[PDB]
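Below, in structure tokens: the form deposited in one PDB entry, a single chain.
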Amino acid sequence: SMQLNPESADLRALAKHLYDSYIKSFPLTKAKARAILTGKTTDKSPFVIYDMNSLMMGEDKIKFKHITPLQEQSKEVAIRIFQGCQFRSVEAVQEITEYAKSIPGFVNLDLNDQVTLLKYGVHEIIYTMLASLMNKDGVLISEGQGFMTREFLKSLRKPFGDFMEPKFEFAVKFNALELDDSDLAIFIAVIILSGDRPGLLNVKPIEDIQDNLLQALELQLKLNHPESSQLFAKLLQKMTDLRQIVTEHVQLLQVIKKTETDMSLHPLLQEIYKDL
């Protein structure tokens, strides 16, 4: 039932629209991240953080293009890294919000529904896109100017040693699906337009957009992945997986909130966590 008809031409036009918007919204694509990770890039190598010495050298070398005040710098290494992650998460929320506004029909939704979809959506999208920046050894940071090792992150004192490991475990399995940016543009759109998010006023309009994104995604995967007939079904399970990874992350933050009372959680992230 794969046919070239006006319906399929419209679904290919939607896929290209989303790809083009995704390129504009997300500075470091998966294509450029893989080229850095394999060394295939002509770019200067990222600075590698693999121990305490290289962490402190990296803090001098990596132009984080972000102000960490004296009171934050005074914090121990684990809290500095965690506060860095929190800062990047807030930036990612901004990028994902600009991408969502490019999804046809999204800006026409009630502004409260746009905020709800983004509130419940953004962490699922952050873990999806973080996989693009990961291999089994570590994760690219600071728009690919740095690379932090998986074992260096595991070595941070409890509870900080556990926060990234679940994202690496998700990423190694997700990356084995070999999605490209063209696939991910549509996958992320599908997740954002989830009609079962709590406190949505107008469900039917979101479901109607999502159904069309799901058709565009299924057609993209069939064209772009002749090596697998399972990939669409496998991505539907990744969507359900992501909700449980976010649950787990929120529970970790609660432990951090209770047992590390000193520490400062970003007020914008606190708002999002309120009802996850």
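If you superpose the two forms and keep the largest set of C-alpha atoms that fall within 1.5 Å, you have the rigid core. When you see a residue number, it is the position in the sequence shown, counting from 1.
Problem set entry | Stretch with larger C-alpha RMS deviation in 9 other deposited structures of this protein, core superposed, 107-115 versus 79-87 | After superposing on the rigid core, the more displaced stretch in 9 other deposited structures of this protein is 79-87.
For this session: Once the rigid core is lined up, would you tell me whether 190-198 or 141-149 has the higher RMS CA deviation in 9 other deposited structures of this protein?
Result: Most displaced of the pair in 9 other deposited structures of this protein: 141-149.
Exercise. Where the other entries model residues on both sides, is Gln73 skipped in at least a third?
Worked result: Yes, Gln73 lacks coordinates in at least a third of the other compared entries that model both of its neighbours.
Problem set entry | Third-or-more of other entries without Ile62 | In at least a third of the other entries, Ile62 has no coordinates.
Exercise. Mean CA B-factor: is it higher for 69-77 or for 160-168?
Worked result: Comparing 69-77 with 160-168, the higher mean C-alpha B-factor belongs to 69-77.
Exercise. On average, are the C-alpha B-factors higher in 208-216 or in 41-49?
Worked result: It is 41-49 that shows the higher mean C-alpha B-factor.
For this session: Determine which member of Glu124, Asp196, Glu151, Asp180 has the highest CA B-factor, using the values in the deposited entry.
Result: Within the set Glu124, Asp196, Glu151, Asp180, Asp196 shows the top C-alpha B-factor.
Problem set entry | Maximum C-alpha temperature factor, selected from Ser132, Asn112, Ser89, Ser102 | Among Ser132, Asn112, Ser89, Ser102, the highest C-alpha B-factor in the entry belongs to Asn112.
Exercise. Comparing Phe26 with the other modelled residues of its chain, is its CA B-factor in the lowest, middle or highest third?
Worked result: It belongs to the middle third of the chain when residues are ordered by C-alpha B-factor.
For this session: Using the B-factors in the PDB entry, rank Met56's C-alpha atom against the chain and give the third, lowest, middle or highest.
Result: Middle third - that is where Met56 ends up once the chain's C-alpha B-factors are sorted.
For this session: Classify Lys63 as lowest, middle or highest third according to the C-alpha B-factor given in the PDB entry, relative to its own chain.
Result: Its C-alpha B-factor, which the entry lists for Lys63, ranks in the highest third among residues of this chain.
Exercise. Split the chain's modelled residues into thirds by Cα B-factor; is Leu11 in the lowest, middle or highest one?
Worked result: For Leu11, the deposited C-alpha B-factor lands in the lowest third.
Problem set entry | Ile96 - Cα temperature factor, lowest/middle/highest third of chain | For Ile96, whose C-alpha B-factor we compare with every modelled residue in the chain, the answer is the lowest third.
Keep in mind the form solved in complex with a partner chain is missing from the figure; the text below concerns it.
Exercise. Which one, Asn135, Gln145, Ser182, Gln114, lies within 4.5 Å of its partner chain in the deposited complex by heavy atoms?
Worked result: The residue from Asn135, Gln145, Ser182, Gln114 that makes the contact is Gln114.
Problem set entry | The single option of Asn175, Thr97, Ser155, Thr149 touching its partner chain in the deposited complex, heavy atom within 4.5 Å | None of the others qualify; the residue that does is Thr97.
Exercise. Given that the partner is absent here, does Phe106 sit within 4.5 Å of its partner chain in the deposited complex, heavy atoms only?
Worked result: Residue-level check for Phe106: yes, a contact with its partner chain.
Exercise. So, in the deposited complex, is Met129 in contact with its partner chain at a 4.5 angstroms heavy atom limit?
Worked result: Contact with its partner chain, no.
Exercise. Heavy atom to heavy atom, is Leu118 within 4.5 Å of its partner chain in the deposited complex?
Worked result: Contact check for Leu118: yes, within 4.5 Å of its partner chain in the deposited complex.
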